[PDB]
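The next block holds one structure in the form of structure tokens; read it before the comments.
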Amino acid sequence: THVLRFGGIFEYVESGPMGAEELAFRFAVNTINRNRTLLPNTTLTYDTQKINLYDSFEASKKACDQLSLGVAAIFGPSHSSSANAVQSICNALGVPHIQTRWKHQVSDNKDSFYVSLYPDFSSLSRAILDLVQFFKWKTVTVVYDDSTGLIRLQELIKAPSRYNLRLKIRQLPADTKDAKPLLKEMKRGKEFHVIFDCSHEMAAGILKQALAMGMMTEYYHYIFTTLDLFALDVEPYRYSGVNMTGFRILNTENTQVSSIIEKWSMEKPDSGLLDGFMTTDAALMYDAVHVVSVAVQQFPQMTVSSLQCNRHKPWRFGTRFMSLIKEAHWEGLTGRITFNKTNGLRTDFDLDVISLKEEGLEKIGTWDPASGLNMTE
Amino acid sequence: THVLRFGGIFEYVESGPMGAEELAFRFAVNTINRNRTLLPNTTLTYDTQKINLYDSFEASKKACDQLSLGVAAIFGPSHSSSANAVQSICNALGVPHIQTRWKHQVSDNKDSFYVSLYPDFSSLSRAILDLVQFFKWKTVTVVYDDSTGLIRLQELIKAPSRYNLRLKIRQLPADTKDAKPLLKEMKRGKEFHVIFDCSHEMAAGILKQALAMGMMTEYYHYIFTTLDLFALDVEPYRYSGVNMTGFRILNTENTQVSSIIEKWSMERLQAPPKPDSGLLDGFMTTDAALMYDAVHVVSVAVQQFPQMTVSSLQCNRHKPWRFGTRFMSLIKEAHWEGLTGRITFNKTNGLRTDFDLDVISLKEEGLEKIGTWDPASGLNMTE
Ligand SMILES: *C1O[C@H](CO)[C@@H](O)[C@H](O)[C@H]1NC(C)=O
Ligand SMILES: *[C@@H]1O[C@H](CO)[C@@H](O)[C@H](O)[C@H]1NC(C)=O
Ligand SMILES: *[C@@H]1O[C@H](CO)[C@@H](O)[C@H](O)[C@H]1NC(C)=O
Ligand SMILES: *[C@@H]1O[C@H](CO)[C@@H](O)[C@H](O)[C@H]1NC(C)=O
Ligand SMILES: *[C@H]1O[C@H](CO)[C@@H](O)[C@H](O)[C@H]1NC(C)=O
Ligand SMILES: *[C@H]1O[C@H](CO)[C@@H](O)[C@H](O)[C@H]1NC(C)=O
Ligand SMILES: *[C@H]1O[C@H](CO)[C@@H](O)[C@H](O)[C@H]1NC(C)=O
Ligand SMILES: *[C@H]1O[C@H](CO)[C@@H](O)[C@H](O)[C@H]1NC(C)=O
Ligand SMILES: [Ca+2]
Ligand SMILES: [Ca+2]
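Chains as they are written, first to last, in the entry's author numbering: chain A, 2 to 268, 275 to 384; chain B, 2 to 384.
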């Protein structure tokens, strides 16, 4: 019957295996094909290209090759510089670029052929601050990994002039093994209330150091910025009495979503991560392939065209497809998906709020930008 | 005699005239040609391409065209996304990419064919903090414009856990005309000690609002993050008693450098100045002094590589330039006294981390020098 091709560009270091993102992409396409409710008369196909991390030149070439084969969208690469380059290309040729990871939005940038499935920083920033205020903290130490961490917490960093939060800002070193001297200063400083802005792998690492340092006890409360908090091996810490709170956008309470995360798990020792948990970077890619497909269903006329980066001739159906994608609505692995009319950023979404109880990490409320917290005391 | 071609890629909105950067580039090339000490037997030529702001796709195309014509270096474009794209291309074809503006350095990025003439943020961050500590401030309000402002002041933002600075962080709105409500909060807050992290055009704008608000008086001390502080019309404020302190990397005290900045104003000031700006007309900004210095520093390297010639390279093919590796190495080793002082790059990352700043403050006479800073000495205030 009818057939439509998507492009995929996935970043990696060294060689195989496949990464989580390229896996979720393929997995979503195979699933959707078998669904008879979604794209009934339509069958999805794809080209996948692998590139080095941070080689925007290679990302450009591969994106141009794919636009030449003909594709209805490029689920372009993850990291800032390659992603900005593929987005500029996609904008010139009017093919939608689908992103799954946050990158810094420049105001005066006029690209319009992209949406991003990642929960926008502005909203996450607020939900961190909302949580801090619910715990009634007046003192807090924000610890971040790299520059861009600062940006994800700007709403929080600007609070000390409106509300009554004194706050200290510290930076992690490159390696978490180097983190004892930093943690010792926090300990002497009596900094019991701490937000860690860093990847979930960094968080697994910094917790081990915190244990060694006598800082996983009932005296300490740690808020985690990472959405992959639920991926952390928490067996070493649940009996200790520490408080760990963070957020989760992966909708694991829904039974339909649990069964999908399982089929995924089916297809390291010193990590401190659970093995075979579906991370957020990958649930988002899988959701992106669905949301875009909901749009394809509403545009049966559309077909791919072989476009050449040489020539300034855009894709006929681009403008209309891009518009359908931005209007799309979908219940996926990561809850309500809905983009912002204005900038194509996902600014409205649903978070579960999770905390460490002796039983493990469990849900204790919700957050959404219109309600603030809905804690279930 | 011998001839060498440089490439230039300059960003703009709408159409002409030429911008400061493209002008300083051309001006540097014309000057160097006439110098008989620098590149005596060598004559510089160039291709210039103009692109839209934030169109990395177009920047890629124009860079590829230039590598095809054949060029010994691309004085690639200014803004993050286009600059990162031209840098990746330049790295694959082993032609040096010369930058004049800061952009965020990703650690795990392996590009090695570039240097940056802009004074690195890490060092500027420290010199801000050094100054604050010399004024013995224990309280300070940092006001920034956009996200990346945060990064330029990270050294400062992390101080409140080592030293004894309480500090409040506020953000400007998009337009400075919208800044009264923010300034009113600072006034009620008794925030007399304030660092403005923002462009010099924003700073000219925010000062007018501060005057309106009764905040240009002896009670207020403003430290300015911008290196183009010296470009601000200061006539409205010097009689008032406010304290304005900032830094300047443009070496205006040197007589040779003053005469060069003048010849610039004559061909430039000749074209459009503005009345309601709050900037002096025809002052050479830092963005442009750096481009002009970049063309010189790179030339000092060309003098030491007479064998070198340009090759027509194709982005199609993975075949780099023979002379690239050696030229890039000569550039990173180069040393030069230009409009912006000692130029010297960091062996490690090709970033300009060691440089000399004049420290300037508003006296009734105007903006004047009151010391110096360099990363190895801290402040050398001349009391
Ligand atoms: C496809 O199938 C699953 C169950 O087999 C269903 O839950 C899902 O909603 C279907 N897709 C659509 C868009 O209805
Ligand atoms: C996106 O639009 C939302 C409405 O959902 C609006 O409240 C908000 O201002 C926009 N987000 C951003 C980051 O501008
Ligand atoms: C929070 O509560 C209100 C009603 O009390 C509800 O409308 C809103 O959807 C709740 N948030 C979530 C995520 O359910
Ligand atoms: C502060 O302002 C007064 C009056 O303009 C001036 O005498 C003094 O030199 C200034 N202080 C500094 C830091 O230069
Ligand atoms: C396929 O959609 C339904 C079957 O699910 C069918 O009735 C319809 O005619 C087909 N769609 C098109 C566009 O022909
Ligand atoms: C911290 O609070 C959580 C609720 O979020 C509670 O379940 C836990 O017992 C507390 N930690 C301890 C044991 O002090
Ligand atoms: C070229 O001449 C100018 C003055 O004419 C001088 O300042 C400059 O240093 C000269 N170049 C060199 C490297 O000697
Ligand atoms: C450049 O390398 C790092 C990063 O800026 C810095 O620590 C070092 O001191 C610099 N090297 C020199 C020679 O100044
Ligand atoms: Ca199907
Ligand atoms: Ca000459």
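For every residue, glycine included, the Cβ atom is placed at its ideal position computed from N, Cα and C.
B:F58 belongs to the set of residues whose beta carbon lies under 8 Å from a beta carbon in chain A. Within the segment 166-204 of chain B, the alpha helix (DSSP H) runs of at least 4 residues that lie entirely inside it are, in chain order, 181-189. Close to A:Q172, with beta-carbon spacing below 7 Å, are these residues of chain B in chain order: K159. Listed as beta-bridge partners of A:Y115 by DSSP are A:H98. Taking 8 Å as the cut-off, the Cβ atoms of A:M292 and A:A25 count as close. Shortest gap from the CB of A:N31 to any heavy atom of ligand 1: 7 Å or more. Around the beta-carbon of B:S108, fewer than 16 other beta-carbon atoms lie within 10 Å, marking it exposed. 8 Å or more divides the Cβ of B:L352 from the Cβ of B:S69. Interface flag for B:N165 against chain A is unset, since no Cβ pair is found closer than 8 Å. Nearest CB-CB separation between A:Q155 and chain B: below the 8 Å threshold. Neighbours of B:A180 in chain A, taken as residues whose beta carbon is under 7 Å from its own, are absent, since the nearest beta carbon is some 15 Å off.
Within the segment 317-365 of chain B, the complete beta strand (DSSP E) runs of at least 3 residues fall at 336-339, 342-345, 358-364. In terms of side-chain proximity, the C-beta atom of B:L363 is found nearer than 7 Å to a non-hydrogen atom of ligand 4.
In this structure, DSSP gives A:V311 a state outside helix and strand, which the three-state scheme calls coil.
For the options A:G342, A:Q88, A:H80, A:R167, the alpha carbon positioned closest to that of A:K139 is the one of A:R167.
With respect to the 8 Å criterion, A:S200 and A:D146 are classified as neighbours on the basis of their beta carbons. A residue is called buried once 16 or more other Cβ atoms fall within 10 Å of its Cβ, and A:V14, having fewer, is exposed.
From the beta-carbon of B:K51, no residue of chain A is found nearer than 7 Å; the closest lies around 16 Å away. B:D355 places its beta carbon 8 Å or farther from that of B:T373. By the Cβ-count criterion, B:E22 is buried, with 16 or more other Cβ atoms from all chains shown falling within 10 Å of its own Cβ.
In this structure, B:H98 places its C-beta atom within 8 Å of the C-beta atom of B:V87.
B:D176 does not reach chain A, its nearest Cβ partner there being about 12 Å away, counting only Cβ pairs nearer than 7 Å. B:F328 and A:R102 have their C-alpha atoms spaced approximately 37 Å apart. Under DSSP, no beta-bridge partner is assigned to B:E59. With a threshold of 8 Å between beta carbons, B:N350 makes no contact with chain A.
Not a single C-beta of chain A is nearer than 8 Å to the C-beta of B:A21. Within the same chain, Cβ atoms closer than 6 Å to the Cβ of A:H336 are found at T345, the five residues on either side in sequence being excluded. Taking the C-beta atoms as reference points, A:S162 is found no nearer than 8 Å to B:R153.
From the beta-carbon of A:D109, the residues of chain B found nearer than 7 Å are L54, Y55. With the criterion CB distance below 7 Å from any heavy atom of ligand 2, the matching residues run A:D121, A:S123, A:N347, A:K348, A:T349, A:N350, A:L352, A:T354, A:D355 along the chain. For B:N255, not one C-beta of chain A is nearer than 8 Å to its own C-beta. Rounded to the nearest whole angstrom, the CA to CA distance from A:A232 to A:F284 is 6 Å. In this structure, DSSP gives B:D66 a helical state, which the three-state scheme calls helix. Fewer than three beta-carbon pairs drawn from the segment 269-283 of chain B and the segment 57-71 of chain B are found closer than 8 Å, and the two stretches are therefore not classed as touching.
Neighbourhood of A:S79 in chain B, by CB distance below 7 Å: empty, with the nearest CB roughly 13 Å away. Distance between B:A302 and B:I250, taken at the CA atoms: about 23 Å.
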